[PDB]
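A.B. asks: The structure's right below; bear with me while I get my questions together.
There are 2 protein chains.
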Amino acid sequence: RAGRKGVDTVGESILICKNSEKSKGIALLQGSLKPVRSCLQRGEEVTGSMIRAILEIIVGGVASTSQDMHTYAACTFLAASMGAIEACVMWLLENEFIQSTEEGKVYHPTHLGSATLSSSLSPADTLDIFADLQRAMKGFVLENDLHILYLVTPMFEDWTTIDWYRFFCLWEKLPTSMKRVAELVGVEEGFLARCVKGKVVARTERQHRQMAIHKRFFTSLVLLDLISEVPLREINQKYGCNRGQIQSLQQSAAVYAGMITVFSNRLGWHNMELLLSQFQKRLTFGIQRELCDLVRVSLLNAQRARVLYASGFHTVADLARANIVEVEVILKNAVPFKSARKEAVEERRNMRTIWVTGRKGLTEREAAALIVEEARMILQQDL
Amino acid sequence: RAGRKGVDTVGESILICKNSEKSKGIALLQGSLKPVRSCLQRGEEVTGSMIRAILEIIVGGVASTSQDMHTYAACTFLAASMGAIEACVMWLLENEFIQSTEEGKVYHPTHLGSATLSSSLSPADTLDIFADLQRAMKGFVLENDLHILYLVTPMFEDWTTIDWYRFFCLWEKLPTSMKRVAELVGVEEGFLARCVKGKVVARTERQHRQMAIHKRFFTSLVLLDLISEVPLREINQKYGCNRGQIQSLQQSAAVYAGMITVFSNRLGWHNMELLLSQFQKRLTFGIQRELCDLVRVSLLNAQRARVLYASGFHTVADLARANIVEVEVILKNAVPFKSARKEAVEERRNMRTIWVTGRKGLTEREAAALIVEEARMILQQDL
Ligand SMILES: [K+]
Ligand SMILES: [K+]
Numbered sequence: 480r481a482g483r484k485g486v487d488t489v490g491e492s493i494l495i496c497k498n499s500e501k502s503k504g505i506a507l508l509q510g511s512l513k514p515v516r517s518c519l520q521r524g525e526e527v528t529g530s531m532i533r534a535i536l537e538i539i540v541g542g543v544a545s546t547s548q549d550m551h552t553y554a555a556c557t558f559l560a561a562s563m580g581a582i583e584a585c586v587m588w589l590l591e592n593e594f595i596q597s598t599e605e606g607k608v609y610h611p612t613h614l615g616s617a618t619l620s621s622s623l624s625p626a627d628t629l630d631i632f633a634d635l636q637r638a639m640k641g642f643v644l645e646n647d648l649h650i651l652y653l654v655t656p657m658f659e660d661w662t663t664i665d666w667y668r669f670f671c672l673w674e675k676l677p678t679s680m681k682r683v684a685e686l687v688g689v690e691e692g693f694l695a696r697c698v699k700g701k702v703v704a705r706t707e708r709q710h711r712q713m714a715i716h717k718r719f720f721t722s723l724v725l726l727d728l729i730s731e732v733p734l735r736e737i738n739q740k741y742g743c744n745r746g747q748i749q750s751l752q753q754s755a756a757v758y759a760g761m762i763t764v765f766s767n768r769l770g771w772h773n774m775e776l777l778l779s780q781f782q783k784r785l786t787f788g789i790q791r792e793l794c795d796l797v798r799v800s801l802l803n804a805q806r807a808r809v810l811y812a813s814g815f816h817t818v819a820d821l822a823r824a825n826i827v828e829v830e831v832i833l834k835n836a837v838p839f840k841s842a843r844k851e852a853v854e855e856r857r858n859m860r861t862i863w864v865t866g867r868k869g870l871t872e873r874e875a876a877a878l879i880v881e882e883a884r885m886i887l888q889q890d891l
Numbered sequence: 480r481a482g483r484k485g486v487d488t489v490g491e492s493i494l495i496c497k498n499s500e501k502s503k504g505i506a507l508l509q510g511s512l513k514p515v516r517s518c519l520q521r524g525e526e527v528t529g530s531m532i533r534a535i536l537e538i539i540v541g542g543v544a545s546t547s548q549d550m551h552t553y554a555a556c557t558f559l560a561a562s563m580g581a582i583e584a585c586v587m588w589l590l591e592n593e594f595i596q597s598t599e605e606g607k608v609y610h611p612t613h614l615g616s617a618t619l620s621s622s623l624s625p626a627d628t629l630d631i632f633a634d635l636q637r638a639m640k641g642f643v644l645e646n647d648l649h650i651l652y653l654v655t656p657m658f659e660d661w662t663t664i665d666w667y668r669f670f671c672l673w674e675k676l677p678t679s680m681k682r683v684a685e686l687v688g689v690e691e692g693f694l695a696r697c698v699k700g701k702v703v704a705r706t707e708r709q710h711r712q713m714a715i716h717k718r719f720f721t722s723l724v725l726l727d728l729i730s731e732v733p734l735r736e737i738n739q740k741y742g743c744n745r746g747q748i749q750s751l752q753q754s755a756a757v758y759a760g761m762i763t764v765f766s767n768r769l770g771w772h773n774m775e776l777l778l779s780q781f782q783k784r785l786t787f788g789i790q791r792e793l794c795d796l797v798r799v800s801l802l803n804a805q806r807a808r809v810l811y812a813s814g815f816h817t818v819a820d821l822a823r824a825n826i827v828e829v830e831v832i833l834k835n836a837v838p839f840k841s842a843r844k851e852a853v854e855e856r857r858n859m860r861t862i863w864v865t866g867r868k869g870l871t872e873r874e875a876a877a878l879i880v881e882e883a884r885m886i887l888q889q890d891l
């Protein structure tokens, strides 16, 4: 990124080092990129990338027989550099992903197969997800939205560094209704104590998904406050994570929530599907059910939707009838100031202070007129 | 009902008796109707009819003060024949139905009050229903539709005489998924045994709603098969009840299901409302979710909707494109014969063999043309 084309004569790069790390710095300047691996490499005859690859072609209906499988193996990048394929096919058979009809040896997708493909889910993750859902449908808590959120809470990657001492403090202060959900999932208070007392991550044993469970329940709490319209600064102080890690999490959970919804629909689990089908939109914007209609407008996010709701505008229909200058004023009240704000400067009438995507700078007035204009266009398309 | 006006010269009535019951028969011929009671009569200072009456006028907003209450007491039929009112007002206060603001002594409705009124529910029944729902939301089974049905299964009157021996036979053969729902509700196997072994109805103690629970769970099983499109004859043989008692039950449960849905909506219980809001339509016709669209047509019931679904017509949209004579044929296949049916009689082309409400006799042809005609009119109103 050193050197602007058409602007600079040269691009300069400086790597600051010490005498001790002097040799490692030179290694980088002379270093070159490593050769590209296939990521489908084989004491592991089976592998995730291959299992998914084989599942996609069989369920999709472009690979039926055993001859089609090895023909596919020829097209891979792994074979370009110049058994394992057969192992993945059996794996799909053992775990009810694929069917075999002896037309000798022809493979067809199951309901679980077609569901996994439509859900864009990884076959390795689908097994635990399928069990987790069946476990939840045997005993489910409906008095709050926490248990539902847990099912759509992603835990395939760490989104933040969790302070366990902070976690235990929230555990005790946690209401009884949410402790019931914790117990029902696997959250044991004993494991939480062995985390604060001693910084033993363990996780060496495969059976230590016990760690992931507590990380997942911690995350669901964050997502619970998030769709409860709890301020980002409160969530930051309460949990110990920045706004960057949160936004990356909600956009991840919004997508994941859609996956579990599709997965539940293709298996015929209507009751479970019915509950989940409202959280994709709520996780995206971080809102409650009431603001779901307002946030259809492009410029209206969580903060702008709430202040317009609390001012009499509950729906797009109510927002189309709106007086523009009234919308503008309500927007002006949602701004965050360090001092308890909420002189006359008439030189700020042209200040473009509202950002969009692929944006021209919008004034607070122009944005308001756009919100009312868009609301009317949507109101007509609703008929 | 003896004597047709404009037809008969006299109407004759004969009461057949023996010598032993001779005196009781004469008592009827000379007998006259008893005076009409008020049904709001008072060791019972409080009474159901009064509590409901007082609740309706306060929540509705036509009675606020204490003066309005006794003014209402004057308009009653009980006072027409010429304390207790004050007792009912306190009862509504004790059970969170009504609020009191000391403008000395002014009464307003609570959320629980406004919910009960909108639900058309009796205040006496609302207390147990409110507890039952809160109990269900703490631990709910979603793998089947049984637990949801239990919440909308009415038990304020007996709809049939339950054979307990038959019940215990269905209990053992009952799958594990439905035994979990039974335990979760209150169905104890010990009580079922003390019913078959000994015909002890008990029910003298008020705390013996334990009887109602088992009667309610028995009923939910019937409703489960009913919306699973299990034949009426199978349900008759399996449970021991006639088709008359069943139809009276489903139309009762369809109405009740709507009540619990409204009740849940006014309390803000969205998750619970979401699950219940699909069973009013299914209980009415006795169908599965797939036939919900077809049964919008007036002439299409459960039986006609299924045979049209299994023949390629899944929606009203598919049914508007239908060839009339094809619909007619599919209908002809749904008819029940004692022999394994499903000569050429062309004299039955005018036989009106299909009944409607406020009906002219419809031929199987005319009905088919009406179904396709109605489907098209509905398809246009859907846009
Ligand atoms: K938006
Ligand atoms: K109908």
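Top line first, the protein sequences correspond to chains A and A'. A prime marks a further copy of an entry chain.
Per the entry's author numbering: the first sequence = residues 480 to 521, 524 to 563, 580 to 599, 605 to 844, 851 to 891.
Per the entry's author numbering: the second sequence = residues 480 to 521, 524 to 563, 580 to 599, 605 to 844, 851 to 891.
Heads up, the beta-carbon is just placed ideally off N, CA and C, and yes, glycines get one too.
Which stretch, first to last residue, makes up the alpha helix (DSSP H) that contains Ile538/A'?
C.D. replies: Residues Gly529 to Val540.
A.B. asks: Give the residues from the stretch 765-783 of chain A that approach chain A' closer than 7 Å (Cβ to any Cβ), ordered along the chain.
C.D. replies: Hits within the stretch, in order: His772, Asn773, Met774, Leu776 and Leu777.
A.B. asks: At 3 residues or longer, and completely inside the stretch 753-784 of chain A': list those beta strand (DSSP E) runs for me, N to C.
C.D. replies: Qualifying beta strand (DSSP E) stretches: none in this window.
A.B. asks: Since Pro611/A is in the beta strand (DSSP E), which residue starts that stretch and which ends it?
C.D. replies: Where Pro611/A is concerned, the enclosing beta strand (DSSP E) stretches over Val608 to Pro611.
A.B. asks: On the criterion of 16 or more Cβ atoms from any shown chain inside 10 Å, does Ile789/A qualify as buried, or is it exposed?
C.D. replies: By the neighbour-count rule (16 or more Cβ atoms within 10 Å), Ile789/A is buried.
A.B. asks: Could you list the residues in the stretch 628-645 of chain A' with a C-beta less than 7 Å from some C-beta on chain A, going in chain order?
C.D. replies: Of all residues in the stretch 628-645 of chain A', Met639, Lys640, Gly641, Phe642, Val643, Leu644 and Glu645 have a Cβ within less than 7 Å of some Cβ in chain A.
A.B. asks: Measuring CB atoms only, is the stretch 773-793 of chain A' touching the stretch 713-731 of chain A', in the sense that at least three cross pairs come out at less than 8 Å?
C.D. replies: Judged by Cβ distances under 8 Å, the stretch 773-793 of chain A' makes contact with the stretch 713-731 of chain A', as three or more pairs qualify.
A.B. asks: Are the beta-carbon atoms belonging to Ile493/A and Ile535/A less than 9 Å from one another?
C.D. replies: Result no, Cβ atoms of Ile493/A and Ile535/A do not sit closer than 9 Å.
A.B. asks: Using a C-beta to C-beta distance shorter than 8 Å, which residues of chain A count as neighbours of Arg682/A'?
C.D. replies: Neighbours of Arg682/A' on chain A, chain order: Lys640.
A.B. asks: Check whether the Cβ atoms of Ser624/A and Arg711/A lie closer than 9 Å to each other.
C.D. replies: Against a cut-off of 9 Å, the Cβ pair of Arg711/A and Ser624/A comes out as no contact.
A.B. asks: At the level of alpha carbons, what is the spacing between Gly866/A' and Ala875/A'?
C.D. replies: Distance between the alpha carbons of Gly866/A' and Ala875/A': 14 Å.
A.B. asks: I'd like to confirm something about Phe719/A': is its beta-carbon nearer than 8 Å to some heavy atom of ligand 2, or not?
C.D. replies: No.
A.B. asks: Do you know whose CA, among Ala684/A', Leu512/A' and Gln739/A', lies nearest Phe720/A''s CA?
C.D. replies: With distances taken between Cα atoms, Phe720/A' lies closest to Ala684/A'.
A.B. asks: Skipping 5 residues on each side, what residues in its chain have a beta carbon closer than 6 Å to that of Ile664/A?
C.D. replies: The answer, listed in chain order, is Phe720.
A.B. asks: At a cut-off of 8 Å, would you count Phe669/A' as near ligand 1, judging by its Cβ distance to the nearest heavy atom?
C.D. replies: Outside the cutoff, so no.
A.B. asks: So, using beta-carbon positions, are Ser499/A' and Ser562/A' closer together than 9 Å?
C.D. replies: No; because the gap between Cβ atoms is not below 9 Å, this pair is not in contact.
A.B. asks: Spell out a yes or no on whether the stretch 801-819 of chain A and the stretch 879-888 of chain A are touching, meaning 3 or more CB-CB pairs, one atom from each, closer than 8 Å.
C.D. replies: Because the criterion of three Cβ pairs below 8 Å is met, the stretch 801-819 of chain A and the stretch 879-888 of chain A touch.
A.B. asks: List, in order along the chain, the chain A' residues whose C-beta lies closer than 9 Å to that of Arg791/A?
C.D. replies: Neighbours of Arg791/A on chain A', chain order: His772.
A.B. asks: Consider the C-beta atom of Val818/A' and the heavy atoms of ligand 2; say whether any pair is separated by less than 8 Å.
C.D. replies: Answer for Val818/A': no, Cβ out of range of ligand 2.
A.B. asks: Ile762/A' and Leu653/A' look like a contact to me (Cβ under 8 Å); what is the Cβ gap, rounded to whole Å?
C.D. replies: That belief holds up - the Cβ atoms of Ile762/A' and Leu653/A' are roughly 6 Å apart, short of 8 Å.
A.B. asks: Which two residues bound the contiguous alpha helix (DSSP H) that contains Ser679/A'?
C.D. replies: Start and end: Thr678 to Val687.
A.B. asks: According to DSSP, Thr786/A sits in a beta bridge with which residue or residues?
C.D. replies: Paired residue(s): none; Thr786/A is not in a bridge.
A.B. asks: How about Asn835/A' and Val809/A': do their beta carbons lie closer than 9 Å?
C.D. replies: Closer than 9 Å, so yes.
A.B. asks: My assumption, with CB atoms under 8 Å, is that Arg806/A sits in contact with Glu830/A. Please give the rounded CB distance.
C.D. replies: Contact flag wrong, Cβ pair sits at about 11 Å.
A.B. asks: Could you compute how far the alpha carbon of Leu725/A sits from the alpha carbon of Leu676/A?
C.D. replies: C-alpha separation (whole angstroms): 15 Å.
A.B. asks: Mark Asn773/A as exposed unless 16 or more other C-beta atoms lie within 10 angstroms of its C-beta, in which case mark it buried.
C.D. replies: Burial call: buried.
A.B. asks: Determine, using beta carbons only, whether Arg668/A' and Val643/A' come nearer to each other than 9 Å.
C.D. replies: Not in contact: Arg668/A' and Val643/A' (Cβ atoms no closer than 9 Å).
A.B. asks: Return helix, strand or coil for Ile595/A', following the three-state DSSP convention.
C.D. replies: If DSSP states are grouped into helix, strand and coil, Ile595/A' belongs with the strands.
A.B. asks: Could you tell me whether any Cβ in chain A is nearer than 9 Å to the Cβ of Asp890/A'?
C.D. replies: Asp890/A' does not count as touching chain A.
A.B. asks: Going straight from the alpha carbon of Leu769/A' to that of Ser545/A', what length do you get?
C.D. replies: Distance between the alpha carbons of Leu769/A' and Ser545/A' is about 23 Å.
A.B. asks: Exposed or buried, which one is residue 575/A' when buried takes at least 16 other CB atoms within 10 Å?
C.D. replies: Absent here is residue 575/A', because the residues of chain A' run from 563 on to 580 with nothing modelled in between.
A.B. asks: Using a threshold of 9 Å, state whether the C-beta atoms of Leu614/A' and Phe594/A' are closer than that.
C.D. replies: Cβ atoms of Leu614/A' and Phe594/A': closer than 9 Å.
A.B. asks: Please work out which residues of its chain come closer than 8 Å, Cβ to Cβ, to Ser750/A', disregarding the five sequence neighbours upstream and downstream, and give them in chain order.
C.D. replies: The answer, listed in chain order, is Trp661.
A.B. asks: Do the CB positions of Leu694/A and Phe670/A come within less than 9 Å of each other?
C.D. replies: Result yes, Cβ atoms of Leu694/A and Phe670/A sit closer than 9 Å.
A.B. asks: Between which two residues does the alpha helix (DSSP H) containing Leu726/A' stretch?
C.D. replies: First-last of the alpha helix (DSSP H) with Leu726/A': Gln712 to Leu728.
A.B. asks: I'd like to know whether the C-beta of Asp647/A is nearer than 9 Å to at least one C-beta of chain A'.
C.D. replies: Yes, its Cβ sits closer than 9 Å to a Cβ of chain A'.
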